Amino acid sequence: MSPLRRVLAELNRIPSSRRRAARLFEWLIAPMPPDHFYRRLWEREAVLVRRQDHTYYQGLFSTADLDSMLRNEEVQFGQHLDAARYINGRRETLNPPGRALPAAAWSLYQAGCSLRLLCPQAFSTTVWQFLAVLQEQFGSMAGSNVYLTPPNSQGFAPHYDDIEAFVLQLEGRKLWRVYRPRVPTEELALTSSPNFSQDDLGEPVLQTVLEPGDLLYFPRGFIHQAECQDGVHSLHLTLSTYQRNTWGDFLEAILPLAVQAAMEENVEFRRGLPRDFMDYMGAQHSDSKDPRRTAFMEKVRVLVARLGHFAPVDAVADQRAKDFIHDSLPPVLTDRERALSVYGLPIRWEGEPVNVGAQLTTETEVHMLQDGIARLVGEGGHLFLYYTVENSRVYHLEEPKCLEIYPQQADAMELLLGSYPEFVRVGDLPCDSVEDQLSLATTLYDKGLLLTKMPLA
């Protein structure tokens, strides 16, 4: 049994989804300790993990799967598959309009083009599970792409990306060159870069031949390029994450709401500007020595500084959570979670509906299906429980799913989220009455957001 099939079988035996995500990431970067990686490597340095086990990823994704994907699934050019080649220091994309048929796709490949599948998780359920579990421990959307390059060619021009990348070598061998940020403004870049020429690059901080089973990580801002040598092709899956999840983005949300709270709660932000500040403020007077100008600048900085007091941090913290619940991929349930949830109710069609009518009781012991499926957020004057269970494997195919949580149950809905994975007896919920304890539990269970210790009858 390959290390992957084995680690997956190992994950199916782990109760907590949080412990399941941790363990999976632990497996992805092994032997390297996750605490060391996140402390010294993450967002800091480029890292290569020499696995020395060409079967490490066996079962994840292969070229045969991609080939089977072009034949069965409705793989679309541009929308899903991309074909590109790098020649004479120029990036060219050969993308015919329409569906990507095996005959056309392999034609481009044989022609020296590289193929990139944009949404592997939408086709491969294995990749979905991988990303779906790894995202819970990233606290951010775990995207992914698949690159297939033919022998002796380069599909992409040097460049950097706007996400933290984890390259997994699946088949073949490939020569990689990773560079550290060229200038200060490129370190942890906000946006992806254009395609670079060899003249723009300095010396590689890392240059290696990734072998199947190896992992290569590098931060956003780190330029990189790879190429296939004589005799063999290459196939890798690049796991990405942390796109626009910086402190700056958090601020972007905080600030507008901050200046608003302040203007409402503090008169100093409601005081009128100078009747003649235009006489000394502006590019035109950027060189003026008018003392009033320095007073203005001083007043601005002082006021800006005072915003940290009015910043609705927990609010924006929830909004980002809501957006993440929205960005997340649907959860992959373990056999146990399935059997103990609505998804595993023995209610089927045998004739007539058999085993129909399972009822939750004040005795039933329950707890959230997983830890990263739901998030409680308060918008307007109401409270809503956002969840991922009904999310598509296609980024934003569906829209923000939620259900209104009434105050009489808020305390109980908050408890359930916090006490995971501890089984809570429904009858002992922090609500006003039994009708409020059963409704919530029933409403959640039927949604497939909750599970019971023992299968319902």
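Numbering starts at 1 and runs along the sequence shown.
- Gap between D199 and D200: none; every deposited residue in this span has coordinates.
- The mean C-alpha temperature factor is higher for 276-284 when 234-242 and 276-284 are set side by side.
- Of the two segments, 96-104 and 315-323, the one listed with the higher mean B-factor is 96-104 (C-alpha atoms only).
- In this structure the maximum Cα B-factor among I373, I223, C113, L340 is found at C113.
- Per the deposited record, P120 carries the highest C-alpha B-factor of all listed residues (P256, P150, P120, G172).
- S439: CA B factor in the highest third of modelled residues in this chain (values from the PDB entry).
- The deposited CA B-factor of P31 belongs to the lowest third of values across its chain.
- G155 sits in the middle third of its chain by CA B factor, as recorded in the PDB entry.
- For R19, the recorded CA temperature factor ranks within the middle third of the chain's modelled residues.
- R51: CA B factor in the middle third of modelled residues in this chain (values from the PDB entry).
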